[PDB]
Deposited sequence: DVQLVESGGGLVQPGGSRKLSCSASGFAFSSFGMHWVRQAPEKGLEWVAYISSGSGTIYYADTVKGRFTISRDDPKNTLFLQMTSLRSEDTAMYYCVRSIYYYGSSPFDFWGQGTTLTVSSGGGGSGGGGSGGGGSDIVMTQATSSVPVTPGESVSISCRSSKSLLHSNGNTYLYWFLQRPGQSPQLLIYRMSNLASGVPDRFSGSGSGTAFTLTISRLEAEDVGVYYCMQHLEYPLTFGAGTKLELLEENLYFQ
């Protein structure tokens, strides 16, 4: 089965260095681009780095550029993140994310379990931090972007993720309308221009969690604050 297990996290001193590893099993690793996404404690998701399939393209977030290095070993199916001069701002759980890019693909479909590291641009806005919900009732979640995510090729590069408590984020809707494989049809993504809505008809216990909207129109990839659903 598709698996992504991260390792190398732990308590480090400020100004130190740490090496993160992501071992991949159950899928064609060399065919997928790989991302590192981190999540500060009691905060939202933050994209760190990206290396494409074939290692030809590498991108970094501005907050880590020059200090973090992302690399992959295709024969060993391992993804690496070499970090140096670690600051207190680097304290987060680091997730390994696979994403394949061709016509009709669903990037960011699988995320890793994450590893914890402790140290001793389009703006996506989700103003509604929390929403009280009851099972069986329809819920709508709103997202905003500073720039129009609709590209000239017809795609609207908005992604929806759900992070249930204790779990890694899971892809629900990719490109603002498409439903990811293995996701129930009750979830539906609707949007236009800069305003987007995630509709959850007949809410269930599993749907409880924080929902993040991410833009993939251009780099750096940015996440919304996140909307929490509570019973």
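Asker: Could you please spell out the deposited residue ranges that have no C-alpha entry in the coordinates?
Answerer: Comparing the full sequence with the modelled residues, the uncovered ranges come out as 121-136, 248-255.
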